[PDB]
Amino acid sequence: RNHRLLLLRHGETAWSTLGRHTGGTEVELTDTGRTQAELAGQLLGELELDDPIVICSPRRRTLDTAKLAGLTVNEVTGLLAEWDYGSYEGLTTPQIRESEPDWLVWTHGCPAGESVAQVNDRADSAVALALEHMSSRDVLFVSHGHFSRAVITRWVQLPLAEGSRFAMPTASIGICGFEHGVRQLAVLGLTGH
């Protein structure tokens, strides 16, 4: 296709800096988070996007980022919500490690939350959504760390387990496109701050 799928992770929060897993919890962006968002929109500005359709996660930290980035949101949907961490909500990876030493959200999932299968499907639906609009315009997802990686991993048609192989820091941008007929990851870890 002649278009792209861009993904933007929301800025920093008090929880992200501590490595805490935040799903449905409504945490606010820090002042550093607001600045990150502001710089990202600055960066999106020179990406020369074609009449972009912006889809955003319902969380306030992502809605806030979109506004601060100077974007106008077209669709707000839980489809882009972060991985539901269930019982692990608020826990860091080490803390989770004290009980499940080999844990990775990518292979284990979360007890009382979303399983890999469920996110795999949610990720595919998201990619399907993107492809429909990319027929005429560029697409931008303002979402979260793990889910954004989920989308990317699926864009490149790999098992969701591979989400562990791609970073996605706060206020960072990843870009998906094509090369000689193949869906490909073009940019990752792009930061304007």
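Note that residue numbering follows the sequence shown and begins at 1.
Asks: Going by the average Cα B-factor in the PDB entry, point out whether 23 to 31 or 128 to 136 comes out higher.
Replies: Comparing 23 to 31 with 128 to 136, the higher mean C-alpha B-factor belongs to 128 to 136.
Asks: On average, which has the higher Cα B-factor in the deposited entry, 7 to 15 or 174 to 182?
Replies: Mean C-alpha B-factor is greater for 174 to 182.
Asks: Which one of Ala167, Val156, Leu47, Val142 shows the top CA temperature factor in the record?
Replies: Spelled out: the listed residue with the top C-alpha B-factor is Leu47.
Asks: Split the chain's modelled residues into thirds by Cα B-factor; is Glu82 in the lowest, middle or highest one?
Replies: Lowest third.
Asks: Using the temperature factors of the C-alpha atoms in this entry, rank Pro52 within its chain: lowest, middle or highest third.
Replies: Top third by C-alpha B-factor.
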